[PDB]
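Descriptive analysis of the structure
Now for the letters of each chain:
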Amino acid sequence: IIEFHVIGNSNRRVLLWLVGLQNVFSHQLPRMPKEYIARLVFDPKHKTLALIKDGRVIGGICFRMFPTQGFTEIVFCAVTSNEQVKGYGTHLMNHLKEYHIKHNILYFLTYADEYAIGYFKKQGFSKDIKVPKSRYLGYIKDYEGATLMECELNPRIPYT
Amino acid sequence: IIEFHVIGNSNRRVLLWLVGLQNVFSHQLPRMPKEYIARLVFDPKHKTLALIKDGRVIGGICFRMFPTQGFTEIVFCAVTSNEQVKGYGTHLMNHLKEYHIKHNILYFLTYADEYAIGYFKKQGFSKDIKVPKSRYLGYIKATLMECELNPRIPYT
Amino acid sequence: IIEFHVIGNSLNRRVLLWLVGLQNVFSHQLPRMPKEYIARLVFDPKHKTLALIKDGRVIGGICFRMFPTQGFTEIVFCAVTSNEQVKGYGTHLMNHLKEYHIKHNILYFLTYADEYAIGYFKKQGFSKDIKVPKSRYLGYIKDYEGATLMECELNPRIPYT
Amino acid sequence: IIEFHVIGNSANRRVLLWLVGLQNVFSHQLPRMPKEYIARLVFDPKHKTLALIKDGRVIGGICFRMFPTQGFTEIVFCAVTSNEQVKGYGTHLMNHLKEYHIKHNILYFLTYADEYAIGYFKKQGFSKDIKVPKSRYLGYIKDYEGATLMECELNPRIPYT
Amino acid sequence: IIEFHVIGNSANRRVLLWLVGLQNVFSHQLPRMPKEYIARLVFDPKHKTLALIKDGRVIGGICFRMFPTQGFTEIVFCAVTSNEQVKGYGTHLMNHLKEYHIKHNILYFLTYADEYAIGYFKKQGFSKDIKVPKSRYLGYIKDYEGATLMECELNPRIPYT
Amino acid sequence: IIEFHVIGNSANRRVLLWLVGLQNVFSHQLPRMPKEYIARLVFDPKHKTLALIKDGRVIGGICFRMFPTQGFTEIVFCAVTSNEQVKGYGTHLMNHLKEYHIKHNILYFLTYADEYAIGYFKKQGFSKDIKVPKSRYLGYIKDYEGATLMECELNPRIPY
Amino acid sequence: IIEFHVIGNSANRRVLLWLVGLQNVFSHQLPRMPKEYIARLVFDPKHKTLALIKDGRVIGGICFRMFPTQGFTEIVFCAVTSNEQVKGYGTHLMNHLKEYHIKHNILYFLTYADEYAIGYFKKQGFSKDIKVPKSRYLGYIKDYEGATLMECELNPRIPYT
Amino acid sequence: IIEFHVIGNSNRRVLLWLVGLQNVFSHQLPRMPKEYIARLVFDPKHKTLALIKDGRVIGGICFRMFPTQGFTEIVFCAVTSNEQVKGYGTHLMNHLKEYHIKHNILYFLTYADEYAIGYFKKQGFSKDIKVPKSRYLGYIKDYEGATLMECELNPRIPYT
Amino acid sequence: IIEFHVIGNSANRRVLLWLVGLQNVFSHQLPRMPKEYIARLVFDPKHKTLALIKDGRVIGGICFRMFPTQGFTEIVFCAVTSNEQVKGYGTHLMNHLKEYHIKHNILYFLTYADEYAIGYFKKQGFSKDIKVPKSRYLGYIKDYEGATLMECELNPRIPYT
Ligand SMILES: CC(C)(COP(=O)(O)OP(=O)(O)OC[C@H]1O[C@@H](n2cnc3c(N)ncnc32)[C@H](O)[C@@H]1OP(=O)(O)O)[C@@H](O)C(=O)NCCC(=O)NCCSC(=O)CCC(=O)O
Ligand SMILES: CC(C)(COP(=O)(O)OP(=O)(O)OC[C@H]1O[C@@H](n2cnc3c(N)ncnc32)[C@H](O)[C@@H]1OP(=O)(O)O)[C@@H](O)C(=O)NCCC(=O)NCCSC(=O)CCC(=O)O
Ligand SMILES: CC(C)(COP(=O)(O)OP(=O)(O)OC[C@H]1O[C@@H](n2cnc3c(N)ncnc32)[C@H](O)[C@@H]1OP(=O)(O)O)[C@@H](O)C(=O)NCCC(=O)NCCSC(=O)CCC(=O)O
Ligand SMILES: CC(C)(COP(=O)(O)OP(=O)(O)OC[C@H]1O[C@@H](n2cnc3c(N)ncnc32)[C@H](O)[C@@H]1OP(=O)(O)O)[C@@H](O)C(=O)NCCC(=O)NCCSC(=O)CCC(=O)O
Ligand SMILES: CC(C)(COP(=O)(O)OP(=O)(O)OC[C@H]1O[C@@H](n2cnc3c(N)ncnc32)[C@H](O)[C@@H]1OP(=O)(O)O)[C@@H](O)C(=O)NCCC(=O)NCCSC(=O)CCC(=O)O
Ligand SMILES: CC(C)(COP(=O)(O)OP(=O)(O)OC[C@H]1O[C@@H](n2cnc3c(N)ncnc32)[C@H](O)[C@@H]1OP(=O)(O)O)[C@@H](O)C(=O)NCCC(=O)NCCSC(=O)CCC(=O)O
Ligand SMILES: CC(C)(COP(=O)(O)OP(=O)(O)OC[C@H]1O[C@@H](n2cnc3c(N)ncnc32)[C@H](O)[C@@H]1OP(=O)(O)O)[C@@H](O)C(=O)NCCC(=O)NCCSC(=O)CCC(=O)O
Ligand SMILES: CC(C)(COP(=O)(O)OP(=O)(O)OC[C@H]1O[C@@H](n2cnc3c(N)ncnc32)[C@H](O)[C@@H]1OP(=O)(O)O)[C@@H](O)C(=O)NCCC(=O)NCCSC(=O)CCC(=O)O
Ligand SMILES: CC(C)(COP(=O)(O)OP(=O)(O)OC[C@H]1O[C@@H](n2cnc3c(N)ncnc32)[C@H](O)[C@@H]1OP(=O)(O)O)[C@@H](O)C(=O)NCCC(=O)NCCSC(=O)CCC(=O)O
């Protein structure tokens, strides 16, 4: 049984789900400090789309909506190792796109490292940034050596 | 700055401390599944004595008090790798003892793997179990070890 | 479509009808248990039932009573309807019940089995060796003279489902 | 010690277990009626059941649905448990239901009777002549095609109990 | 006209005078039990009394204290007034108490029986074999040293009344 | 005027100062016991103390812990102030303690007696023969190596 | 590790046990003060005590009574436990008490000192020259026959700690 | 049965007790106007320690607490004639002292006539007045020919 | 005994006197700004100050204005009292301010530094190279003629304290 929930720090079910998400993100991104991942996962202005399989967290996308700035930041995307290469990361991004169309945010921005660029390209992201710099600089962190990537959503098509 | 705090799930800082504790327990005891460490650490009946250095969790002792049965179960003990062999585990157990003196629970029970029995022996634990099996079977979740406390010694 | 639910009567209409269906399956599969005794336990607030649902319809379940102060759970009734037996449903039911009890920090099952049900419990890991002290269960679990008391110990490092 | 009570799921525990017992008696005495269908009707708030209680225990009953805007009542289930049959309980059940409906000013019963119970309904005054207009019940009562639609007219001037 | 009622001081006037009558019957039938001790227990909120009422008047009863956390009930006083004895009232009193305890899921009675009434308790199924662990009652029930501790196990599957 | 009162931490001003007076008498008469340990026990709500009052002031008492699930009571501290000893006061305190426990269906006392006072416990009916099973008292009573475990059996009584 | 706390009896076990510890230290260091009198004042709610805490344990304190309507504070008890004396703790206590009173705008201390205590108070700036008139303190502070009344004047423009 | 109550005008029991006190004071002090005694007994800022024997008033002490001035005025002391020379007047003053220690007023002042001086001396009063004149003058009435007397209380001793 | 507190005027007596002490320190260490202007900003509700408290006394601080809608904070005043300079306090202040803003999801500081302060800001990692576009800060912070705009970029993954 597979399930998708948008959760966040505002219930013990959600709390343990947020811990599972922090565990998956941290294990899959080990050269990122664990407490930084924890702080963002439990930050109230951050949300995570949780992928639940048999009541257990197997992946998710931590994101940050900036409705005032007209875009959403993709922070963390991860699926646990034994569940990768099965389409879960694509289904997660599709659900996230549908969610954002219904909230009328049609631009994704993310600073991608070299290991994630291929995944983002296959989700429709590109290095051609239409959103002006004055709208994102400082709101999202420009990590040196990371690649800024953008995805524009079409609100006339069904992603899920 | 070193500080000790008895915390648990009933505040963002305590919450992040509980996540940090769940991380340290999971990493140093890789054989217990992470989700089950998580549910034990966030269980209201469970408490954790947290060792905080400069606002960051570096170790702790997760424990379950059984005042009706006369003892406390030690669930997880861990100090993060780069802080071991510094006496932090001893200070942790000392504070746990002092805490339990103040609550008049005078027996610890725990299951120790062969890798850690020497630490527990240096904290006064023994494999001679004085609590009857009829008292702890089913309450404490390896080598069973017991520590008896003396409510006259100041442990800290 | 297969479903599993822990339900019970709380001091909702679907749960009520599911409990009536569970009382029905328990009664038909356990003809020596009086119908009203099954109904009284199934609708008792401190009893829970793990219901096994196929196409929105009860085809099996396990009724149980948790004793967290005593450190064990009592297995009250287990049944799968006849035309769904010998398909693994009773084992999946027990597996789910084990997972549920790990998540609630209860690692001991106690039950009484007659000669016809012992084999089922043995295959689910139950044994005639009872480690729980009698001072912990006598007077809290339903006693059955002439049946065999059986015990299952769970390992909370293990996923059963 | 015999008691009659009109009950339904609007319930305390006694009424809840009484409704379970009624669903059990109906289901056992009507074995080709699906148990889950009997359960939904017995626990439906728009349905009531006249319970026959002997020594605190259900031994029979009549499940029915009143249609006061239509001026009649639909008889749904009638059953007495096996070891209490042929003692007049079914007749006393129907008499109490008639008296109940006089005091609520519903003077027509409609029911479908099969080959096993049509003689019982005939002895309670039911007839195959349907005086209620067909347009008044065709969209309201369940049509049990194959069984015989029967009607009973009540006289609000005689005492039935 | 006989009635059974479980009452206690939690009382309207009828219950108050019923409790006085019970204290009178207990005290007269147990003449070496101090009247004031009987009164305090009969009027203690933690104690209940099953009253046997004949024509609006107390003719017997059983005072008892339930220990649900301990899983048993302590039988304190049993008495029937002199001119109603040897008629089965004491047996019907005990049967009603058993039925009451089944429905509250307490399945063990403990009592001290002296030389004048041990045969009555034996005929109600009490035995000198105490299955309840000594650690479970030694701090809760009054120890009437000189009398014999007896135990009765209840079967929640049979009807006692 | 002599008064006996079973008191404990819940209290009101009268009871509070009596508890302090009890902690004083216990501490002065048992000077190798840590003062704050006696204080923590006397003010622990699961412990009770039978106070012996003369002219509104504590001159003695018995601090005890009831274990009804186990069928006995642990006697923790017994003391009478120095200028009031050898007058029968300690016997009357133990007699009242027995009466109180007979009414509450506790028929066993357990206590650890040292060499300075074991004779006093013997005269109150205590003996070294422990009939309470070892499985009932371990972990509940504070165990002391170097002192002698003593037991007293009470006779039950029907009141009035 | 050293801490200073102003406490008093107004639910808090830690404060309660600290007050007991302060009462013990005052009593042991002032053997001619009756223990119950020390207790009655230490637990009096118009009295406060500045507690000197080392490693969670009371090792000294100053019990005092603020008279804001009269413009002074009465020093009631001062003590440091024997094994911690002659280390500066008594001086640090009084300095903290002075700083506490500067921030509450009470600039006079009064106390009665016996011959053995006069030296300590003189080293804390107290004098036998009393500027507060007798009509301001007599009958408010407790007087002591034969002890020496001492006064300390505080400067609110000076940091004491 | 003997009883002590501190009562005053703020219940019919207390009212009739205040009438009995007014009767005893007036009968024992007959050259004082009856309405003056009545006015003071029923004045809300005045209190009377009532001595009750078998439900009937047999004596009392009408007093006036001046906590702002740090003393209490003794206004009327009387015991009915057939109950005098039995220690009741002493027990009344002892209870009044204990009451005032618990309220932290440790000085009594009274203007005594020649017939009462002996009683006050045996209760520890003297003509040596420590309380400065500026603290009592005008608050208590200096009747010509009356003797001002003072008693200082020791809060470390039990008076009852 | 050093403490750090983020405070501002929305009330508390402790906070109010601290804000006065901060206005005093800023004004004395920056004597050529009008002290009325410093007071207005320090007590403005949109402004916060990170206060450095030593032994209960204000010895320094950083007054700042968070602009979360613009994604940066303006550094308004920084000062440490003269007797406490060149001890690392200014560095610890800025470190605590960096950690505070990381936890509030603000990653840029901007400040207009006079010539005497440039060296201090450079040591705290500030730069003259301004990455924030002019449209984001012009008009929210005041561009004093002759002052040097400097920027500090923060890293959410770095522990600053
Ligand atoms: C990247 C994900 C989330 C992808 O999950 P899934 O495996 O479920 O993806 P999928 O839906 O099954 O489809 C994968 C398809 O993309 C293609 N592809 C190319 N590069 C890929 C890459 N690194 N990972 C996964 N797929 C990749 C595959 O060939 C495959 O081709 P088809 O089209 O034929 O199916 C996972 O692999 C993972 O958790 N990796 C470790 C953590 C991680 O790197 N997260 C992203 C960085 S998140 C972060 O904040 C780090 C900093 C940063 O992003 O820079
Ligand atoms: C074991 C601890 C908690 C001990 O903490 P520390 O390293 O800070 O110890 P310390 O206070 O600095 O030093 C105490 C003394 O113990 C002695 N000693 C002997 N064997 C030791 C051993 N395996 N580990 C640590 N110390 C040991 C050392 O000589 C040491 O110095 P001296 O000789 O000078 O005195 C830690 O090292 C750790 O986290 N290890 C990995 C996790 C772990 O093993 N946990 C235990 C099981 S957890 C549990 O309670 C049950 C869980 C389960 O197993 O199911
Ligand atoms: C027992 C169950 C619940 C099991 O249902 P299922 O048929 O779905 O089980 P399954 O997973 O498909 O098969 C499990 C395996 O156990 C082995 N086996 C041996 N003896 C068995 C026995 N009596 N019952 C079921 N399985 C048994 C089978 O060979 C089977 O295959 P493999 O060997 O190849 O693996 C059912 O048969 C049933 O409803 N029976 C009637 C009701 C009943 O007896 N309930 C239990 C007592 S009621 C209770 O809980 C106690 C209360 C009391 O009585 O006091
Ligand atoms: C029919 C009842 C409810 C009747 O109960 P009792 O036996 O107590 O009736 P009684 O008062 O004792 O007897 C009254 C008279 O009915 C007569 N009689 C004729 N045919 C009968 C028949 N099939 N069943 C019972 N009685 C019958 C008896 O001989 C008797 O005649 P004398 O007085 O002259 O001596 C019972 O037999 C029963 O539970 N049967 C099984 C369940 C059932 O069939 N229910 C009705 C199906 S209809 C239904 O509810 C389902 C809905 C649907 O199918 O549409
Ligand atoms: C004991 C009772 C309550 C029983 O009342 P009943 O006479 O109505 O009993 P019953 O149902 O009519 O009779 C059932 C069977 O018990 C049998 N039997 C044997 N010994 C008996 C005995 N001493 N008293 C009464 N019945 C006795 C009868 O022969 C009969 O046998 P068959 O069926 O085979 O023909 C009564 O006798 C009574 O009130 N006695 C005086 C009060 C008393 O002793 N109460 C119990 C003391 S114990 C108590 O409550 C005090 C607490 C304490 O002391 O610890
Ligand atoms: C022990 C007590 C409480 C006893 O009080 P009293 O002096 O008032 O006793 P009493 O009623 O007047 O005398 C009763 C009889 O006890 C006898 N006897 C024998 N040894 C005695 C002993 N050490 N102290 C007092 N009495 C003693 C007397 O001779 C007398 O014999 P006759 O029949 O001929 O008249 C007191 O002496 C005391 O406060 N001692 C110091 C504190 C202490 O030691 N407590 C017990 C610690 S024992 C321990 O290890 C912890 C357990 C605990 O403290 O509860
Ligand atoms: C008096 C204190 C509280 C002082 O404590 P400390 O020893 O910590 O003081 P200190 O700061 O370490 O020493 C300060 C210096 O004062 C000098 N000095 C003078 N008299 C001293 C005295 N009695 N005790 C200790 N030091 C004293 C010493 O030379 C010392 O060194 P240098 O000069 O070289 O620097 C303590 O000694 C104590 O607890 N004594 C017993 C209780 C007591 O006496 N309480 C006071 C009366 S109680 C009260 O308040 C009045 C109530 C009443 O009696 O009516
Ligand atoms: C004065 C009292 C209240 C005392 O009452 P009691 O008789 O109960 O006193 P007591 O407790 O029994 O003890 C009396 C002891 O004091 C000694 N003594 C010396 N002179 C005494 C005197 N006038 N009255 C009573 N006792 C007196 C006695 O010898 C005796 O000696 P021992 O030590 O050996 O036992 C009573 O006598 C009384 O009511 N008198 C009339 C009213 C009165 O005068 N009240 C006081 C004035 S009140 C007022 O406002 C009037 C104005 C004014 O006071 O000036
Ligand atoms: C500037 C501060 C706040 C710095 O406080 P501290 O002395 O505690 O700093 P520190 O951490 O101890 O020392 C850090 C190092 O900065 C280095 N350094 C280089 N140039 C410096 C400069 N102009 N001012 C201060 N430090 C400077 C020093 O070498 C020093 O040693 P190392 O490098 O060897 O370690 C203080 O000195 C002060 O209050 N000055 C007066 C007011 C002021 O000028 N504030 C500056 C912001 S001016 C303002 O408030 C508004 C106007 C504006 O924005 O300019």
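Determination of this PDB entry was carried out by X-ray crystallography to a resolution of 2.2990 Å, according to the record.

Chain A goes by Histone acetyltransferase KAT2A in the PDB entry, where it is assigned to Homo sapiens. This structure appears in the PDB under the title "Crystal structure of human GCN5 histone acetyltransferase domain".

If you look chain F up in the PDB entry, it shows as Histone acetyltransferase KAT2A from Homo sapiens.

With that out of the way, let us pick up the overall build of chain F. In terms of helices and strands, chain F carries 5 helices and 6 strands. When the helices and strands of chain F are placed in sequence order, the string is β-α-α-β-β-β-α-β-α-α-β. A globule of 160 residues ought to have a C-alpha radius of gyration of about 15 Å, and chain F, at 15 Å, matches this closely. Buried positions account for 54% of the 160 residues belonging to chain F. For chain F, the accessible surface area stands at approximately 7300 Å², while carbon and sulfur atoms represent 50% of it.

With that settled, the discussion passes to the UniProt feature "binding site: acetyl-CoA" in chain A. Residues and elements named next belong to chain A. Mapped onto the present numbering, the UniProt feature "binding site: acetyl-CoA" falls at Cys77, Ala78, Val79, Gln84, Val85, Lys86, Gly87, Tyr88, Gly89, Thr90 and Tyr115. Summarising the element assignment, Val79 is placed in strand β4 (residues 71-79). For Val79, a relative accessible area of 11% gives the class buried. If we ignore the near neighbours within four places in the chain, the residues touching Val79 are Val24, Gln28, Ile58, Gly59, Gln84, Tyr88, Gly89 and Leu92. With respect to the helices and strands, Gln84 occurs in the loop between β4 and α3 (88-102). Those residues in contact with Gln84 that lie beyond four places of it in its chain are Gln28 and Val79.

With that settled, consider the site of ligand 8. Residue and element names in this part refer to chain H. The full set close to ligand 8 counts 22 residues, and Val75, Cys77, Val79, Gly87 and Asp113 are the nearest of them. Residue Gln84 places a side-chain N or O atom 3.4 Å away from an oxygen atom belonging to ligand 8. Between an oxygen atom of ligand 8 and a main-chain N or O atom of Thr90, the distance comes to 2.9 Å. When isolated, ligand 8 has an accessible area of 1000 Å², and the protein chains bury 71% of it. Elements supplying a minimum of two residues to the shell around ligand 8: β4 (71-79), α3 (88-102), β5 (107-112) and α4 (117-122). Sort the elements by how many residues they give to the shell around ligand 8 and β4 lands first, with 5 residues. Its residues placed into classes, the shell around ligand 8 shows 13 nonpolar, 6 polar and 3 charged.

On to the sheet that holds strand β6 (residues 148-153) of chain F, then. Residues and elements named next belong to chain F. With respect to topology, 6 strands assemble into an open sheet ordered β1-β2-β3-β4-β5-β6, the strand pairing being mixed. In this open sheet, the two strands that pair with only one neighbour each are β1 (2-7) and β6. Averaged over neighbouring strand pairs, the angle between their axes works out to 25 degrees when direction is ignored. Bridge count for β1 against strand β2 (residues 48-54) is 6 bridges, and the pairing is antiparallel. Looking at the pairing, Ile2 lines up with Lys54 of β2.

Here the focus is the UniProt feature "binding site: succinyl-CoA" in chain A. All names here are of chain A. When the UniProt feature table is mapped onto this chain numbering, "binding site: succinyl-CoA" sits at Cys77, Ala78, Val79, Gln84, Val85, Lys86, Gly87, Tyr88, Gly89, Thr90 and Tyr115. A relative accessible area of 36% means that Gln84 is categorised as partly exposed. Here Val79 takes part through its backbone oxygen, which lies 2.8 Å from a polar atom of the side chain of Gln84. Turning to its location among the elements, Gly87 is positioned in the loop between β4 and α3. Judged by its relative accessible area of 29%, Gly87 is partly exposed.

The subject of this paragraph is the sheet that holds β4 of chain H. Residue and element names in this part refer to chain H. In spatial order, the strands read β1-β2-β3-β4-β5-β6; together these 6 strands make up an open sheet with mixed pairing. Each edge of the open sheet carries a strand with a single partner, namely β1 (2-7) and β6 (147-152). Neighbour to neighbour, the strand axes of the sheet diverge by 25 degrees on average, direction disregarded. Across the sheet, helix α1 (residues 12-28) touches β1, β2 (47-53), β3 (56-66) and β4, and the angle it forms with β3 is around 90 degrees.

Right, let's get into helix α1 (residues 13-29) of chain E. For the α-helix, the turn length of 3.6 residues means that residues three or four positions removed from each other point alike. Taking 1.5 Å per residue as the helical rise, α1 of chain E with its 17 residues ought to reach 24 Å, and the 24 Å between its terminal C-alpha atoms agrees with that figure. Each element contacted by the buried residues of α1 of chain E is listed here: β1 (2-7), α2 (35-42), β2 (48-54), β3 (57-67) and β4 (72-80) of chain E.

All names here are of chain B. Neighbouring ligand 2 are 22 residues; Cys77, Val79, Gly87, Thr90 and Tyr115 lie closest to it. Between ligand 2 and the protein, one listed contact pairs an oxygen atom with a backbone N or O atom of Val85 at 3.3 Å. At 3.5 Å, a backbone N or O of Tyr119 approaches a nitrogen atom of ligand 2. Computed on the free molecule, ligand 2 has an accessible area of 1000 Å², of which 72% lies beneath the protein chains in the complex. Mapped by element, the contributors of at least two residues to the shell around ligand 2 are β4 (71-79), α3 (88-102), β5 (107-112) and α4 (117-122).

The subject of this paragraph is the pattern of salt bridges. Pairing between side chains of opposite charge can happen when their charged atoms approach one another. Inspection of every chain in the model, using the stated rule, returns 35 salt bridges over all chains. In this structure, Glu84 of chain C and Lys54 of chain C form a salt bridge, with 3.2 Å as the shortest nitrogen-oxygen distance. Taken together, the positions of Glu84 of chain C in the loop between β4 (72-80) and α3 (89-102) and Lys54 of chain C in strand β2 (residues 47-54) put the pair 30 residues apart, joining distant regions of the chain. As a salt-bridge pair, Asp143 of chain G and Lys130 of chain H come within 3.4 Å of each other at their nearest N and O atoms.

All names here are of chain H. Inspection of helix α2 (residues 34-41) places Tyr36, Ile37, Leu40 and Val41 among the buried residues, and these make up the whole buried set. With its buried residues spanning 130 degrees around the axis, α2 presents them on a single face. Along α2, the residues that are exposed and aim more than 90 degrees away from the buried face are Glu35 and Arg39. The inward-facing, buried residues of α2 abut α1, β3 and β4.

Quick look at the UniProt feature "binding site: succinyl-CoA" in chain F now. Residues and elements named next belong to chain F. Residues given the UniProt feature "binding site: succinyl-CoA" here are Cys78, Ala79, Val80, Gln85, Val86, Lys87, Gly88, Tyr89, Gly90, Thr91 and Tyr116. Residue position: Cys78 is located in strand β4 (residues 72-80). Using a relative accessible area of 22% as the deciding quantity, one classes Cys78 as partly exposed. Once residues lying within four places of it in the same chain are set aside, the contact partners of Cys78 are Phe26, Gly61, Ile62, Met94 and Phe121. If sequence neighbours within four positions are ignored, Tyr89 has contacts with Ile2, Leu52, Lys54, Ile59, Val80 and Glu84. Among the polar contacts listed, one links the side chain of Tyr89 to the side chain of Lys54, at a separation of 2.9 Å.

Next up on the list: the state of the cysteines. The full count for this structure, using the stated rule, is 0 disulfides over all chains. No disulfide involves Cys78 of chain E; its sulfur sits 9.2 Å from the nearest other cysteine sulfur, which is in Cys63 of chain E. Using a relative accessible area of 23% as the deciding quantity, one classes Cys78 of chain E as partly exposed. Note on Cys152 of chain F: no disulfide assigned, nearest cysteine sulfur contributed by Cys78 of chain F at a separation of 11 Å. For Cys152 of chain F, a relative accessible area of 2% gives the class buried.

All names here are of chain F. Here, UniProt's "binding site: acetyl-CoA" annotation points to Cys78, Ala79, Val80, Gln85, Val86, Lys87, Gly88, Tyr89, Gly90, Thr91 and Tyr116. Within the secondary structure layout, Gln85 lies in the loop between β4 and α3 (89-103). Within polar-contact distance, the side chain of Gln85 engages the backbone oxygen of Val80 at 3.0 Å. Tracing the backbone through its elements, the reader meets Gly90 in helix α3. Under the relative-accessibility criterion, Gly90 is labelled buried at 16%.

This part is about the nonpolar core. Here is a general trend for soluble globular proteins: nonpolar side chains tend to be buried in one another's company. Core analysis: the biggest nonpolar cluster contains 83 residues, and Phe43 and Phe72 of chain F together with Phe43 and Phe77 of chain G have the highest contact counts within it. Among the nonpolar cores identified, the runner-up in size contains 71 residues, and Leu15 of chain A, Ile37 of chain B together with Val80 and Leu154 of chain C belong to it.

Attention now goes to unusual backbone geometry. With phi around 45 degrees, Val85 of chain B is a residue other than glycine that occupies positive phi space. Considering the arrangement of structural elements, one finds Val85 of chain B in the loop between β4 and α3. Positive phi is not limited to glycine here, since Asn104 of chain H has a value of about 60 degrees. In this structure, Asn104 of chain H sits in the loop between α3 and β5.

Attention now goes to the pairing of strand β6 (residues 148-153) of chain I. All names here are of chain I. Most of β6 sits out of view: 5 of its 6 residues are buried. As paired elements, strand β5 (residues 108-113) and β6 share 6 bridges and run antiparallel to each other. Across the sheet, residue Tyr108 finds its bridge partner in β6, namely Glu153.

Analysis parameters
- Residues numbered from 1 in each chain as written, not as in the entry; some residues may be left out.
- Chains lettered and ligands numbered in written order.
- Part of a larger assembly, values for the part shown.
- Heavy atoms only, no water.
- Helix = DSSP H or I, 4+ residues; strand = E, 2+ residues; numbered from the N terminus.
- Rg over C-alpha atoms; globule rule 2.2 N^0.38 Å.
- Buried < 20%, exposed > 50% of the residue type's maximum accessible area, 1.4 Å probe, protein only.
- Areas by Shrake-Rupley, 256 points an atom, 1.4 Å probe, with all protein chains shown as cover.
- UniProt positions renumbered as here; feature names shortened; annotations may be inferred.
- Contact = heavy atoms within 4.5 Å.
- Near = heavy atom within 4 Å.
- Polar contact = N/O pair within 3.5 Å; in protein donor to acceptor, adjacent residues only side chain to side chain.
- Nonpolar A, V, L, I, M, F, W, Y, C, P; charged D, E, K, R; others polar.
- Pairing = 2+ DSSP bridges.
- Axes fitted to C-alpha atoms, helices over the stretch in contact; angles between N-to-C directions.
- Expected span 1.5 Å × (residues − 1).
- Salt bridge = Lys/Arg side-chain N within 4 Å of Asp/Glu carboxyl O.
- Arc of directions from axis to C-beta.
- Disulfide = S-S within 2.5 Å.
- Core = buried A, V, L, I, M, F, W, Y, C linked by side-chain atoms within 4.5 Å.

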